[PDB]
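Chain residues, written in single-letter form:
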Amino acid sequence: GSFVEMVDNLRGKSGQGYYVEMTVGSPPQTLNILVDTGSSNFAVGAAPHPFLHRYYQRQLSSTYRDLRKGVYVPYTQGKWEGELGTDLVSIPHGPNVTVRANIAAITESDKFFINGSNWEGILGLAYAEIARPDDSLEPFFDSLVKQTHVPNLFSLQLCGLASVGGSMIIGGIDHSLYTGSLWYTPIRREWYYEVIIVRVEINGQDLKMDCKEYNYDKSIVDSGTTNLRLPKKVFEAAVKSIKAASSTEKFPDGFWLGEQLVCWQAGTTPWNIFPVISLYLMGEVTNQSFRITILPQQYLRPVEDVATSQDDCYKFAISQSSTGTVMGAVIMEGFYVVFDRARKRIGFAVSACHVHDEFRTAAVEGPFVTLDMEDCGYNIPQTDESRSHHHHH
Ligand SMILES: CC1(C)Cc2cc(Cl)ccc2C(N[C@@H](Cc2cscc2Br)C(=O)O)=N1
Ligand SMILES: [Zn+2]
Ligand SMILES: [Zn+2]
Ligand SMILES: [Zn+2]
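What the deposited record gives as its method is X-ray crystallography, and the resolution it gives is 1.78 Å.

The name given to the chain in the PDB entry is Beta-secretase 1, and the organism recorded there is Homo sapiens. In its PDB record the entry is named "Design and Synthesis of Thiophene Dihydroisoquinolins as Novel BACE-1 Inhibitors". In its Sequence similarities section, the UniProt record describing the chain reads: "Belongs to the peptidase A1 family."

Here's what the structure looks like:
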């Protein structure tokens, strides 16, 4: 389990995320577990399901312990529930260690497991504050670091239903996985991997919004979300600008809504008419920022259709949010992303696995200096619910 032993430890399907192999219990049960930086629970399918043929069998693990407490996790479009416990956990293609970690055994779920996902669980890599049922349930990566000498850092190379590969390096940075500059942006608060967007450009034109609109009500880096997701005012601005550039094509509404493909004749897709998008992230130095630039190849995603082998067909992978900006697989695929928990920051470098345009490339570039501008962070109104709960830690 060197960094060479962790290179190419991820796999996935397109638009259904990336998974890593983990062994739970003794004797080991090997399971394919989705890597999810936008959540904080380790949870694994643990009863029969029509879309699963393997799951975690608690009864076959001699080292399993029941915490005698349930957890229930509702999402916008489904849910899971289960029994908490602890078991022994290792990553065959990751560090050479075993840890005792919390595991939610998923006993029931709705619209969580889909047809041909090929993962049987979720590895929440975010921080304790967002773990269910409360932040006292220690997340997997926190247990890894407290129990071993593994450095407090991990990095993801996610390479661009269709197969996809990648690398999760645990406790390090592998220079083979990126070229050129590694740029860091501060983690704003340790809950999600929350960051601050100071500027957005579409083919060099500034959206000119109050910078707080970009981060309303947060901006996060989330490997468990497919799209780039944008607060509604920002989404409208961006689509208006993207439509302007590509105006030689008049797409149906449903395309802009992510509901419909649009096609061209095989090999003739007019990429040059779709703009690059640059997101400027707050730099470590107080005046500075740096930009990540994504190609339209990143935000226009291919689906090989069924009455269409003659055609190249695409889905628009930028969608509206009412919960902030989410930089999902659409952003991360271009990049080597370093989650530097130890130093409270997130690095970006251009990935060595590159989905590149004939003329242009996805880029990581700085610094850019701002005499002033602003605090671009948004302060989420504090509920009485969140104010009262004690955090004796
Ligand atoms: C992290 C995870 C699995 C959490 C989740 C829970 C539920 Cl109930 C439904 C969809 C998702 C979900 N949706 C992704 C798409 C997706 C479905 S499976 C892996 C991925 Br990435 C998204 O909204 O972009 N992601
Ligand atoms: Zn293996
Ligand atoms: Zn108290
Ligand atoms: Zn607490």
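Next comes the rest of the description.
Visitor: I'm lost on the site of ligand 1 in this one. Help?
Guide: Not every one of the 16 residues close to ligand 1 is listed here, only the nearest: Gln16, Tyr75, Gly224, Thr225 and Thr226. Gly224 has a polar backbone atom sitting 2.9 Å from a nitrogen atom of ligand 1. Within the complex, the protein chains bury 84% of what would otherwise be the 550 Å² of accessible surface of ligand 1. In the shell around ligand 1, the residues fall into five nonpolar, eight polar and three charged.

Visitor: Could you clarify how one ought to interpret the UniProt feature "active site" in the chain in this entry?
Guide: Taking the UniProt record as the reference, the feature "active site" is found at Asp36 and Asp222. Positionally, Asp36 belongs in strand β3 (residues 29–36). Overall, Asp36 belongs to the buried group, its relative accessible area being 7%. Only 2.9 Å separates the side chain of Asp36 from the backbone nitrogen of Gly38, close enough to count as a polar contact. Looking at the secondary structure, you find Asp222 in the loop between β14 (219–221) and β15 (228–231). Judged by its relative accessible area of 8%, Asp222 is buried. Non-local contacts of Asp222, meaning those with residues more than four positions away in its chain, are made with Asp36, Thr37, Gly38, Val326, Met327, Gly328, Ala329 and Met332. Within the structure, the side chain of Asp222 is placed 3.0 Å from the backbone nitrogen of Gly38, a separation counted as a polar contact.

Visitor: Would you mind going over the coordination of the zinc ion (ligand 3) with me for this structure?
Guide: The textbook angles at a metal center are 109.5 degrees for a tetrahedron of four donors and 90 or 180 degrees for an octahedron of six. Surrounding the zinc ion (ligand 3) are the protein donor atoms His390 (ND1) and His392 (NE2), which sit 1.8 to 1.9 Å from the metal. Neither residue differs from the other here; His390 and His392 are each classed as exposed.

Visitor: Looking at this model, I keep getting lost on the coordination of the zinc ion (ligand 4). Mind explaining?
Guide: Every protein donor of the zinc ion (ligand 4) is listed here as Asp135 (OD), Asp135 (OD), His391 (ND1) and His393 (NE2), and their distances to the metal cover 2.1 to 2.5 Å. Each of the four donor atoms around the zinc ion (ligand 4) contributes to a set of angles spanning 55 to 125°, which defines the coordination as irregular. Assessed through its relative accessible area of 73%, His393 is described here as exposed.

Visitor: Can you walk me through the packing of aromatic side chains in this structure?
Guide: The geometry of an aromatic ring pair is captured by the separation of the ring centres together with the interplanar angle, meaning the angle of the planes. In the structure shown here, the tally under the stated rule is 29 aromatic pairs. Look at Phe141 and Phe154: their rings are 5.3 Å apart centre to centre, the planes differ by 55°, and that puts the pair in the tilted class. Highlighted residues: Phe141 in helix α1 (residues 140–147) and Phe154 in strand β9 (residues 154–158), separated in sequence by 13 residues. Classification of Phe154 by relative accessible area gives buried; the value is 0%. Between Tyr193 and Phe339, the ring centres sit 4.8 Å apart and the planes meet at 75°, which makes this aromatic pair edge-to-face. Here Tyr193, found in the loop between β11 (178–186) and β12 (197–202), pairs with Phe339, found in strand β23 (residues 335–340); they are 146 residues apart in sequence, far enough to count as distant.

Visitor: For this particular structure, what's the right way to read the pattern of salt bridges?
Guide: Where charged atoms from two side chains of opposite charge come close, those side chains can pair. On inspection of all chains with the given rule, the structure shows 21 salt bridges. A salt bridge links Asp66 to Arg68; its shortest N-O distance comes to 3.4 Å. Judged by relative accessible area, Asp66 falls into the partly exposed class, the value being 27%. For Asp384, the salt bridge is made with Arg387, and the minimal N-O distance between the two is 3.2 Å. Separated by three residues within a single helix, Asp384 and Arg387 lie in helix α6 (residues 384–388), roughly one turn from each other. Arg387 sits in the partly exposed class, given a relative accessible area of 44%.

Thresholds applied
- Residues numbered from 1 in each chain as written, not as in the entry; some residues may be left out.
- Chains lettered and ligands numbered in written order.
- Heavy atoms only, no water.
- UniProt positions renumbered as here; feature names shortened; annotations may be inferred.
- Near = heavy atom within 4 Å.
- Polar contact = N/O pair within 3.5 Å; in protein donor to acceptor, adjacent residues only side chain to side chain.
- Areas by Shrake-Rupley, 256 points an atom, 1.4 Å probe, with all protein chains shown as cover.
- Nonpolar A, V, L, I, M, F, W, Y, C, P; charged D, E, K, R; others polar.
- Helix = DSSP H or I, 4+ residues; strand = E, 2+ residues; numbered from the N terminus.
- Buried < 20%, exposed > 50% of the residue type's maximum accessible area, 1.4 Å probe, protein only.
- Contact = heavy atoms within 4.5 Å.
- Donors = N, O, S within 2.8 Å, 3.2 Å for Na, K, Ca; no water.
- Tetrahedral: all angles 85-135°; square planar, octahedral: opposite > 155°, others 65-115°.
- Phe/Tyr/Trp six-rings, centres within 6.5 Å; stacked < 30°, edge-to-face > 60°.
- Salt bridge = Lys/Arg side-chain N within 4 Å of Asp/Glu carboxyl O.

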